[PDB]
């Protein structure tokens, strides 16, 4: 069995010009490949922490309603090795988003695409913050492909 790929789609509105995607695809050796492709960032208030948060973005697009970080193993915001960070603290482990546009690829060995895992991130959300913590934009983590099953194509 292999678990399905996920995506978070950020859209531009009157609240934020940030738009683009963060894709999560199963990779080699027990890791998930993360692909960040964002533009429209308000650079001078960055760099921009971003994290997996615990609740969905509601229809209102209120990023506060995503509540706190996904942290099933009670990690710490400051850490000296990647595994000591919260599972959801992508920026702490891999770097803050920065610039007006940001494109990067990396592996994360703590998030999970397997819905039976305590580290599963499906159905959660991602929030992008200004450096001072203000929530700028957010997106739900949803399935990437439309068609699944061992007898299907997409």
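Positions refer to the first chain, counted from 1.
> Got a sec? Mean C-alpha B-factor, which is higher, 133 to 141 or 9 to 17?
Looking at the record's C-alpha B-factors, the answer is 9 to 17.
> Quick check on the record: does 55 to 63 or 23 to 31 carry the larger mean Cα temperature factor?
For C-alpha atoms only, the mean B-factor is higher in 23 to 31.
> Per the coordinate record, which of the options 99, 49, 40, 123 holds the highest CA temperature factor?
Among 99, 49, 40, 123, the highest C-alpha B-factor in the entry belongs to 99.
> Highest recorded C-alpha temperature factor, please, choosing from 45, 90, 111, 127.
Across 45, 90, 111, 127, the entry lists the biggest C-alpha B-factor for 45.
> Going by what the PDB entry lists, where does residue 94 fall on CA B-factor within its chain: lowest, middle or highest third?
Ranked within chain, residue 94 CA B lands in the middle tercile.
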